[PDB]
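Novice: Quick one: this structure, given as structure tokens, is what I'll be asking you about.
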Amino acid sequence: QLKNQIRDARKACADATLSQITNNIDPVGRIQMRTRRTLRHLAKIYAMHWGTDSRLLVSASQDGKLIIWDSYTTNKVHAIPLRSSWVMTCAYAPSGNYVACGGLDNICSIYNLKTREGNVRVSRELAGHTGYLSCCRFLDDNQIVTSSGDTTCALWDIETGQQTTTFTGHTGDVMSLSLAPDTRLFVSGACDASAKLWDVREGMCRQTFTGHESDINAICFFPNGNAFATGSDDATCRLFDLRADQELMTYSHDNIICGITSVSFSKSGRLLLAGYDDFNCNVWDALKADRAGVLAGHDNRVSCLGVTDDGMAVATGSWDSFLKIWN
Amino acid sequence: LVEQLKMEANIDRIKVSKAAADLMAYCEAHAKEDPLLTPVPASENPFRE
Amino acid sequence: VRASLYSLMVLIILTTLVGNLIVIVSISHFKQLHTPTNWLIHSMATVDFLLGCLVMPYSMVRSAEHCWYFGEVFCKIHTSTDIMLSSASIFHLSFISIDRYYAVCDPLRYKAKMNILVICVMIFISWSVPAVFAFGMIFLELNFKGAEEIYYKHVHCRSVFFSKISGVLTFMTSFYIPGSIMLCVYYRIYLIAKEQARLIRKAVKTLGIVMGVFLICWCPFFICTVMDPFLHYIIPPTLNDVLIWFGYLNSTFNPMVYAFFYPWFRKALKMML
Amino acid sequence: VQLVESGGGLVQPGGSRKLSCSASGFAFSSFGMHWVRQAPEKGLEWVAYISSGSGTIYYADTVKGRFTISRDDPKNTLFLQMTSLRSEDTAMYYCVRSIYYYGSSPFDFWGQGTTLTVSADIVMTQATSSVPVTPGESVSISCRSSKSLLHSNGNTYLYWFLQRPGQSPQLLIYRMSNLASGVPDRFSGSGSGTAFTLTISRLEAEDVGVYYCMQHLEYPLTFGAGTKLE
Amino acid sequence: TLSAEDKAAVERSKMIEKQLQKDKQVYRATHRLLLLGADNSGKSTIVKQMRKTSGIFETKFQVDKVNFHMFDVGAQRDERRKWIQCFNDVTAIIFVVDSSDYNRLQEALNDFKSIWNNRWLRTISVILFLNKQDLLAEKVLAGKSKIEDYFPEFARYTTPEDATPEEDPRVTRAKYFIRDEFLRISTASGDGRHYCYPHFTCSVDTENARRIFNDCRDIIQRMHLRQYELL
Ligand SMILES: [NH3+]CCc1ccccc1
């Protein structure tokens with residue numbers, strides 16, 4: 001009866017909802033954002049990731065192509081053709097030196113941008129997973145964390161090319177993971193309608209969150225470092241807290257049927273903007289679930305989002321292969 | 001699995017109102033200084049076209 | 001009598017400008033209607049809009065007066081404008097038919113065979129050739145060469161006039177060729193569609209509509225255009241005017257048939273509205 | 001990575017000569033190329049320019065029709081043809097690579113070089129010509145510009161080369177603030193828009209040489225005079 | 001682009017944007033196919049006939065200057081629900097069945113039904129194969145096999161008169177029983193958007209490539225005939 005005891009403790013620790021606490025704050029009336037460019041890849045786009053300099057960005061398409069743009073002057077910098085024609089995720093290093101890619105395959109490729117020659121070449125070919133790679137992120141210029149389709153996560157070591165830690169426990173395949181701001185722990189959501197928290201130091205699961213209707217499509221981490229949000233295919237966006245161990249207020253509307261594909265916060269944590277299948281990227285108040293702003297302009301499914309480090313711009317990409325910098 | 005459940009239940013918890021207070025305090029502290037919530041004047045932003 | 005004709009006219013003109021303009025506007029602000037086989041309709045719509053706006057009001061100016069207010073060398077250009085735009089529209093019609101043939105002839109090698117380069121070449125040809133030969137025919141005075149007396153007498157009687165030598169050629173290079181390709185192409189496509197349908201009757205309806213509209217709109221005009229030179233010009237002008245307006249009516253009926261009869265453009269227009 | 005240059009020698013006045021720069025060790029087809037001339041008793045001077053795909057070519061104001069530039073991608077060879085050469089074109093020639101994109105490091109690797117014996121542009125000057133130094137003191141070098149080099153975007157296009165007595169020039173600072181790749185982390189540079197300075201904190205026996213000042217804000221690339229250290 | 005460096009930057013960007021045109025020209029004139037099979041089904045023999053914990057494998061074949069990519073998903077997890085979304089642009093799905101086991105057919109029928117009824121995979125034509133005939137004939141004419149026990153309705157069957165065999169009435173009756181069993185699922189639904197093309201392939205038939213070619217052509221033709229309401 002451990003689950004019953006945990007549920008009873010959670011019920012006892014619950015005192016009030018976020019609506020009652022946040023009713024005493026004046027809401028944000030309306031926010032209007034418009035395009036300021038169209039960064040225009042042959043096939044559909046499956047991922048993107050902002051650089052740390054808040055100027056560059058990298059996009060990956062099903063053609064088997066990675067393109068590194070220049071968000072201010074719209075120019076292109078690098079165009080890398082992959083060895084595999086099916087890629088699902090790409091990651092940009094925090095030091096602006098490497099990029100990583102991985103799709104429906106058992107490989108994570110590492111490309112070294114800065115070389116003595118004016119070309120980019122693959123420097124590490126991380127193999128050892130069994131299922132398709134569904135997420136990959138960097139910790140520093142030496143460690144990379146991947147979440148795969150064989151219901152596992154793996155923390156690697158690029159220098160030696162061998163695994164260092166393996167995270168197991170999920171019954172279904174994991175879709176996306178997000179890293180904590182201090183790069184100590186992280187979170188990862190799977191198709192078993194559960195998101196688990198992992199600690200790098202000992203490589204063991206430390207916390208679980210469950211109670212969501214369907215499989216998890218995307219996950220994002222609160223800027224403070226002690227909360228996170230998830231979006232899934234059940235037309236609901238959920239918020240969870242680490243210390244409280246509770247499922248807090250849910251951002252949902254009665255006129256939405258399709259499923260979320262990507263969720264990202266804002267720099268100040270005041271707005272939660274999430275994409276959808278209905279060609280749109282809706283915006284919600286983080287404390288009242290008030291729909292304040294609809295960002296239309298896409299003619300197909302939205303597959304990626306992202307807010308830059310300093311928060312000036314947010315870039316969205318869809319299945320018609322058109323990246324749009326909103327503002 | 002039993003040991004994992006014991007470790008899961010061994011953790012302590014806090015009130016759900018202190019977390020809300022912390023979140024709202026951080027939001028009101030950093031709300032006014034960033035472009036997405038407060039519209040930046042057109043001179044500062046680099047996306048003008 | 002004049003009021004009813006004027007009202008029907010202004011109705012027709014308001015029609016051609018409106019519908020073709022929309023077939024330009026709808027295909028201009030959209031990104032999923034930019035296929036290489038959707039700029040031919042763009043060019044045809046621009047041709048029809050230009051034809052209407054530059055030529056039809058002057059056609060009503062001529063309508064009941066029986067004689068042209070404007071200048072003797074200020075009519076010459078109007079004729080060359082009128083012998084250009086109809087030919088351009090007909091050529092675009094034929095090129096659309098050829099594209100639709102290559103759609104269901106070798107379906108595997110479609111995309112590689114008709115990229116944007118070929119479409120641009122087709123537009124350039126269909127827009128350059130009629131302009132060149134219409135201006136040459138209407139400004140070099142080569143249509144009544146050797147028949148000055150007949151032209152002068154007919155002009156005094158009260159103009160688009162052809163002799164035996166050049167009338168044959170206009171008819172021959174501006175209707176027979178087009179008729180011989182569109183008809184044969186859609187007959188072959190009828191055979192293919194009938195056999196496919198029998199393996200598994202909407203094939204008849206669309207082809208009948210298109211070909212019947214084209215034929216009933218053009219064929220009598222050029223039939224009489226070649227009949228008159230070989231006879232003693234016994235045809236009254238009151239039939240020539242009706243033939244001219246059938247030729248004009250074709251242009252306003254074209255965009256409805258092509259741009260709208262197809263669901264995808266209908267849905268795009270509905271979403272735009 | 002290395003570049004080997006061939007040609008030169010003794011040429012009678014009025015003749016024609018071909019100089020070849022062979023590149024082996026990088027992607028030659030992704031790099032713009034320049035040619036830099038240094039007189040036996042004077043400083044450096046820019047000669048020509050060629051882009052990656054030969055889409056754009058500039059030329060010096062001193063000579064415009066006497067020099068022809070060409071490139072050969074499959075053999076990776078850069079050709080310079082000179083005809084009707086005068087007595088002035090009797091200096092050292094250097095082959096220079098440069099790649100331009102956001103965050104790049106132009107004018108980094110220089111060739112060995114081959115000998116040869118027979119208006120509205122911005123001018124840049126150096127205050128001193130030779131100063132005495134000691135192994136361990138702090139050194140400051142000043143450069144003066146005839147116009148504000150700071151641009152609308154924010155870049156301050158100025159470069160320091162600091163060749164050595166008997167070797168090819170290197171790169172130290174690009175765009176007036178950014179350090180080079182291999183240079184030790186003790187050089188520094190600063191400026192305000194018209195006057196600039198470069199500071200060396202420590203000093204070793206390898207720092208002996210001539211320090212150069214270059215601008216890259218318009219089509220002409222004008223240099224300084226030089227500052228020898230003893 | 002006022003500065004000197006920004007002009008070289010924009011020309012480099014343009015030169016980057018003029019290598020994508022060639023890739024688009026190559027990518028438009030190429031047909032993509034998706035291969036599915038089973039464990040005992042001879043997909044490996046077929047893919048060898050046309051021409052290491054990996055997940056996907058590549059095959060290319062060209063007929064009459066027409067290029068076909070053939071994506072064969074390899075060693076992956078048993079559930080195909082989530083990575084099937086990537087394959088909604090392919091021209092056709094080749095599906096492979098071994099009709100020589102007499103018991104490993106019900107699972108094949110459920111797999112075929114799942115493929116047919118997948119809403120991502122709707123409007124995608126399914127080419128279908130049968131492998132290891134000769135084993136089927138050998139097990140049919142050697143006795144000791146209770147085919148009627150496995151399929152109770154097999155006994156009361158009559159070859160459609162449409163048969164065109166080219167030796168044993170019972171063997172052909174069982175063959176067309178299997179063929180019609182596969183065809184029932186496809187004929188149950190579909191609403192005239194995607195079709196199935198059953199065939200009868202031996203272990204290694206050189207004609208196979210041509211077969212696919214023909215099928216592919218037909219599919220594209222029908223698509224065009226419906227885009228114009230001209231069907
Ligand atoms: N409305 C008359 C149009 C026309 C007349 C004669 C030749 C070609 C075209």
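In the structure tokens, chains take letters A, B, ... by order of appearance, with residues numbered from 1 within each chain and ligands from 1 in the order shown.
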Near chain A, meaning an atom within 12 Å, which residues of chain C appear when counting only C-alpha atoms? Write them as a PyMOL selection string.
Specialist: chain C and resi 30-33+268+271
Novice: Within 7 Å of ligand 1, which residues show up when you count only C-alpha atoms and all ligand atoms? List them as a list in words, please.
Specialist: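 Based on only C-alpha atoms and all ligand atoms, ligand 1 is surrounded within 7 Å by residues 82, 83, 86, 87, 170, 174, 244, 247 and 248 of chain C.
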Novice: Could you write out the selected residues, including N, CA, C and O atoms, as a PDB file, in the first residue's frame?
Specialist:
ATOM      1  N   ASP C  82      -6.295  44.088 -80.023  1.00  0.00           N
ATOM      2  CA  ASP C  82      -7.330  43.056 -80.078  1.00  0.00           C
ATOM      3  C   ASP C  82      -6.912  41.765 -80.790  1.00  0.00           C
ATOM      4  O   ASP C  82      -7.519  40.715 -80.580  1.00  0.00           O
ATOM      5  N   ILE C  83      -5.881  41.841 -81.625  1.00  0.00           N
ATOM      6  CA  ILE C  83      -5.414  40.672 -82.366  1.00  0.00           C
ATOM      7  C   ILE C  83      -4.254  40.034 -81.605  1.00  0.00           C
ATOM      8  O   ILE C  83      -3.647  39.063 -82.067  1.00  0.00           O
ATOM      9  N   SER C  86      -6.540  37.920 -77.509  1.00  0.00           N
ATOM     10  CA  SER C  86      -7.291  36.693 -77.758  1.00  0.00           C
ATOM     11  C   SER C  86      -6.360  35.546 -78.135  1.00  0.00           C
ATOM     12  O   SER C  86      -6.528  34.413 -77.661  1.00  0.00           O
ATOM     13  N   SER C  87      -5.371  35.824 -78.987  1.00  0.00           N
ATOM     14  CA  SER C  87      -4.402  34.799 -79.354  1.00  0.00           C
ATOM     15  C   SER C  87      -3.603  34.341 -78.142  1.00  0.00           C
ATOM     16  O   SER C  87      -3.336  33.143 -77.981  1.00  0.00           O
ATOM     17  N   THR C 170      -4.532  33.715 -90.851  1.00  0.00           N
ATOM     18  CA  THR C 170      -4.909  33.976 -89.473  1.00  0.00           C
ATOM     19  C   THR C 170      -5.712  32.877 -88.927  1.00  0.00           C
ATOM     20  O   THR C 170      -5.349  32.387 -87.901  1.00  0.00           O
ATOM     21  N   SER C 174      -4.224  30.559 -85.786  1.00  0.00           N
ATOM     22  CA  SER C 174      -4.707  30.958 -84.529  1.00  0.00           C
ATOM     23  C   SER C 174      -5.869  30.175 -84.058  1.00  0.00           C
ATOM     24  O   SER C 174      -6.289  30.563 -83.004  1.00  0.00           O
ATOM     25  N   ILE C 244     -18.221  38.692 -82.552  1.00  0.00           N
ATOM     26  CA  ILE C 244     -17.195  39.361 -81.757  1.00  0.00           C
ATOM     27  C   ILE C 244     -17.514  39.242 -80.273  1.00  0.00           C
ATOM     28  O   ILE C 244     -16.623  39.009 -79.443  1.00  0.00           O
ATOM     29  N   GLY C 247     -16.735  35.798 -79.002  1.00  0.00           N
ATOM     30  CA  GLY C 247     -15.303  35.719 -78.760  1.00  0.00           C
ATOM     31  C   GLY C 247     -14.891  36.398 -77.467  1.00  0.00           C
ATOM     32  O   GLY C 247     -14.010  35.915 -76.753  1.00  0.00           O
ATOM     33  N   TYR C 248     -15.565  37.494 -77.132  1.00  0.00           N
ATOM     34  CA  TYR C 248     -15.278  38.217 -75.899  1.00  0.00           C
ATOM     35  C   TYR C 248     -15.808  37.444 -74.689  1.00  0.00           C
ATOM     36  O   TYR C 248     -15.147  37.359 -73.654  1.00  0.00           O
TER      37      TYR C 248
END
Novice: Can you tell me, as a VMD selection string, what residues are no more than 8 Å from stretch 262-275 of chain A when counting only C-alpha atoms, ignoring any on the same chain fewer than 5 positions away?
Specialist: (chain A and resid 217 to 223 229 to 231 280 to 287 302 to 307 309 to 311) or (chain B and resid 26 to 27 30 to 31 34 36 to 37)
Novice: Between atom CA of residue A:216 and atom CA of residue A:251, what is the spacing in Å?
Specialist: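 Between atom CA of residue A:251 and atom CA of residue A:216 the gap works out to 15.1 Å.
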Novice: Each residue of chain A lying at most 9 Å from chain B should get a row with its shortest atom-to-atom pair and the distance in Å to one decimal, counting only C-alpha atoms; could you produce that, ordered by chain and increasing number, as a tab-separated table?
Specialist:
residue	atom	partner	partner_atom	distance
A:2	CA	B:5	CA	7.0
A:3	CA	B:5	CA	8.4
A:5	CA	B:9	CA	8.2
A:6	CA	B:9	CA	6.4
A:9	CA	B:13	CA	8.6
A:10	CA	B:13	CA	8.3
A:13	CA	B:15	CA	5.9
A:14	CA	B:16	CA	5.9
A:15	CA	B:16	CA	6.2
A:16	CA	B:17	CA	6.7
A:17	CA	B:16	CA	7.8
A:18	CA	B:20	CA	6.6
A:21	CA	B:20	CA	7.1
A:22	CA	B:24	CA	7.9
A:28	CA	B:37	CA	8.4
A:31	CA	B:37	CA	7.4
A:33	CA	B:36	CA	8.8
A:36	CA	B:47	CA	6.0
A:37	CA	B:49	CA	8.0
A:72	CA	B:47	CA	7.1
A:205	CA	B:4	CA	8.4
A:206	CA	B:8	CA	6.9
A:207	CA	B:8	CA	6.6
A:208	CA	B:8	CA	8.1
A:224	CA	B:26	CA	7.7
A:241	CA	B:19	CA	8.0
A:243	CA	B:13	CA	6.0
A:244	CA	B:14	CA	5.6
A:245	CA	B:13	CA	7.1
A:246	CA	B:16	CA	8.0
A:266	CA	B:36	CA	7.4
A:267	CA	B:34	CA	7.2
A:268	CA	B:30	CA	5.4
A:269	CA	B:27	CA	6.0
A:270	CA	B:27	CA	6.0
A:271	CA	B:37	CA	7.7
A:287	CA	B:24	CA	8.2
A:310	CA	B:34	CA	7.7
A:311	CA	B:35	CA	6.3
A:312	CA	B:35	CA	5.7
A:313	CA	B:36	CA	7.8
A:327	CA	B:36	CA	7.6
Novice: How would the residues just picked look written out with N, CA and C atoms as a tab-separated table (two decimals), in the first residue's frame?
Specialist:
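The resulting out-v7.tsv:
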chain	number	residue	atom	x	y	z
A	2	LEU	N	2.05	1.16	-0.61
A	2	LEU	CA	2.94	2.31	-0.69
A	2	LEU	C	2.33	3.42	-1.53
A	3	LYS	N	1.68	3.06	-2.64
A	3	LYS	CA	1.03	4.07	-3.48
A	3	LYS	C	-0.10	4.76	-2.73
A	5	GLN	N	-0.30	5.17	0.54
A	5	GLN	CA	0.32	6.04	1.52
A	5	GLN	C	0.84	7.32	0.87
A	6	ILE	N	1.45	7.20	-0.31
A	6	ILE	CA	1.95	8.37	-1.02
A	6	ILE	C	0.80	9.29	-1.40
A	9	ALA	N	-0.41	11.08	1.73
A	9	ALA	CA	0.51	12.15	2.11
A	9	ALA	C	0.38	13.35	1.18
A	10	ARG	N	0.23	13.10	-0.13
A	10	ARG	CA	0.05	14.19	-1.07
A	10	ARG	C	-1.24	14.95	-0.80
A	13	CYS	N	-0.70	17.11	2.28
A	13	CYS	CA	0.16	18.25	2.02
A	13	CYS	C	-0.51	19.32	1.17
A	14	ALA	N	-1.68	19.04	0.60
A	14	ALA	CA	-2.38	19.99	-0.25
A	14	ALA	C	-3.28	20.89	0.59
A	15	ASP	N	-3.15	22.20	0.40
A	15	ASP	CA	-3.94	23.18	1.14
A	15	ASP	C	-4.79	24.06	0.25
A	16	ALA	N	-4.27	24.50	-0.89
A	16	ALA	CA	-5.01	25.39	-1.78
A	16	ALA	C	-4.47	25.25	-3.19
A	17	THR	N	-5.25	25.74	-4.15
A	17	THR	CA	-4.89	25.71	-5.56
A	17	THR	C	-4.26	27.03	-5.97
A	18	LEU	N	-3.65	27.03	-7.16
A	18	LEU	CA	-3.00	28.23	-7.65
A	18	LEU	C	-4.01	29.32	-8.00
A	21	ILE	N	-4.71	31.46	-4.84
A	21	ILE	CA	-3.57	32.29	-4.48
A	21	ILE	C	-3.38	33.42	-5.48
A	22	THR	N	-3.54	33.13	-6.77
A	22	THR	CA	-3.24	34.08	-7.83
A	22	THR	C	-4.42	34.95	-8.24
A	28	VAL	N	-2.57	39.98	-17.10
A	28	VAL	CA	-2.01	40.60	-18.29
A	28	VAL	C	-3.11	40.63	-19.34
A	31	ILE	N	-1.42	40.45	-25.26
A	31	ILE	CA	-0.06	40.48	-25.80
A	31	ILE	C	-0.16	40.16	-27.28
A	33	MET	N	2.02	39.76	-30.82
A	33	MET	CA	3.34	39.55	-31.40
A	33	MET	C	3.19	39.27	-32.89
A	36	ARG	N	8.84	38.99	-37.91
A	36	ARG	CA	9.87	39.95	-38.18
A	36	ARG	C	10.82	39.32	-39.13
A	37	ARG	N	10.46	38.17	-39.70
A	37	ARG	CA	11.27	37.48	-40.71
A	37	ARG	C	10.60	36.20	-41.12
A	72	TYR	N	19.66	37.49	-37.24
A	72	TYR	CA	19.55	38.94	-37.39
A	72	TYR	C	19.53	39.35	-38.85
A	205	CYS	N	17.01	7.21	-10.39
A	205	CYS	CA	15.79	8.01	-10.35
A	205	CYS	C	15.51	8.48	-8.92
A	206	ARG	N	15.05	9.72	-8.80
A	206	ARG	CA	14.79	10.32	-7.50
A	206	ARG	C	13.34	10.75	-7.29
A	207	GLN	N	12.58	10.97	-8.36
A	207	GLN	CA	11.22	11.46	-8.23
A	207	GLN	C	10.41	11.04	-9.45
A	208	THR	N	9.11	10.84	-9.25
A	208	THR	CA	8.20	10.46	-10.33
A	208	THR	C	6.97	11.35	-10.30
A	224	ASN	N	13.20	29.18	-12.82
A	224	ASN	CA	13.67	29.21	-11.44
A	224	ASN	C	14.50	27.98	-11.11
A	241	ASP	N	5.56	20.64	-9.67
A	241	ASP	CA	6.53	21.21	-8.75
A	241	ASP	C	7.34	20.08	-8.13
A	243	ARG	N	9.38	20.17	-5.02
A	243	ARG	CA	9.26	20.00	-3.58
A	243	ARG	C	7.83	19.68	-3.17
A	244	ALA	N	6.85	20.34	-3.80
A	244	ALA	CA	5.46	20.14	-3.41
A	244	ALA	C	4.96	18.75	-3.77
A	245	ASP	N	5.53	18.13	-4.81
A	245	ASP	CA	5.11	16.81	-5.27
A	245	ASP	C	3.62	16.78	-5.58
A	246	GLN	N	3.17	17.78	-6.33
A	246	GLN	CA	1.75	17.94	-6.64
A	246	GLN	C	1.58	18.25	-8.11
A	266	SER	N	8.72	31.41	-20.87
A	266	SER	CA	9.30	32.71	-21.16
A	266	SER	C	10.45	32.96	-20.20
A	267	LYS	N	11.25	33.99	-20.49
A	267	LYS	CA	12.41	34.27	-19.65
A	267	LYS	C	12.00	34.64	-18.24
A	268	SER	N	10.94	35.43	-18.10
A	268	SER	CA	10.45	35.84	-16.79
A	268	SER	C	9.51	34.81	-16.16
A	269	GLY	N	9.10	33.79	-16.90
A	269	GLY	CA	8.19	32.80	-16.38
A	269	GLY	C	6.75	33.24	-16.30
A	270	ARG	N	6.38	34.34	-16.96
A	270	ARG	CA	5.03	34.87	-16.87
A	270	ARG	C	4.10	34.30	-17.93
A	271	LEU	N	4.63	33.90	-19.08
A	271	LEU	CA	3.83	33.40	-20.19
A	271	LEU	C	4.27	31.99	-20.56
A	287	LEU	N	-0.26	31.95	-14.64
A	287	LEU	CA	-0.90	31.91	-13.33
A	287	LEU	C	-2.42	31.90	-13.38
A	310	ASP	N	18.05	35.74	-23.94
A	310	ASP	CA	17.67	37.05	-23.42
A	310	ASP	C	16.22	37.43	-23.73
A	311	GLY	N	15.47	36.55	-24.38
A	311	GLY	CA	14.03	36.72	-24.50
A	311	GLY	C	13.56	37.70	-25.54
A	312	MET	N	14.44	38.20	-26.41
A	312	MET	CA	14.00	39.15	-27.43
A	312	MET	C	13.03	38.50	-28.42
A	313	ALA	N	13.31	37.27	-28.84
A	313	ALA	CA	12.55	36.66	-29.93
A	313	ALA	C	12.24	35.20	-29.61
A	327	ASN	N	7.79	38.09	-32.56
A	327	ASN	CA	8.32	39.15	-31.71
A	327	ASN	C	7.20	39.83	-30.92
Novice: Would you please extract all strand (DSSP E or B) residues from stretch 1-170 of chain A, as assigned by DSSP on the backbone, and give them as a ChimeraX atom specification?
Specialist: /A:38-39,45-50,57-61,65-69,76-81,89-92,98-102,108-112,121-126,133-138,144-148,153-157,162-167
Novice: For the atom pair atom CA of residue C:146 and atom CA of residue C:228, what is the interatomic distance in Å to one decimal place?
Specialist: 17.4 Å
Novice: For chain A, work out the contacting residues on chain E at 6 Å, counting only C-alpha atoms, and write them as an mmCIF file with N, CA, C and O atoms, in the first residue's frame.
Specialist:
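Saved result, out.cif, follows:
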data_model
loop_
_atom_site.group_PDB
_atom_site.id
_atom_site.type_symbol
_atom_site.label_atom_id
_atom_site.label_comp_id
_atom_site.auth_asym_id
_atom_site.auth_seq_id
_atom_site.Cartn_x
_atom_site.Cartn_y
_atom_site.Cartn_z
ATOM 1 N N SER E 13 26.335 33.170 -48.195
ATOM 2 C CA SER E 13 24.984 32.663 -47.968
ATOM 3 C C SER E 13 24.303 32.299 -49.281
ATOM 4 O O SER E 13 23.630 31.265 -49.374
ATOM 5 N N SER E 54 22.078 -1.495 -35.750
ATOM 6 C CA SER E 54 21.493 -0.408 -36.517
ATOM 7 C C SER E 54 19.968 -0.475 -36.463
ATOM 8 O O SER E 54 19.373 -1.447 -35.990
ATOM 9 N N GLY E 55 19.332 0.583 -36.958
ATOM 10 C CA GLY E 55 17.887 0.672 -36.914
ATOM 11 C C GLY E 55 17.216 0.749 -38.270
ATOM 12 O O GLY E 55 16.071 0.315 -38.423
ATOM 13 N N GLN E 76 14.451 -2.653 -34.332
ATOM 14 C CA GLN E 76 13.810 -1.641 -33.504
ATOM 15 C C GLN E 76 12.941 -2.325 -32.457
ATOM 16 O O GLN E 76 12.847 -3.554 -32.395
#
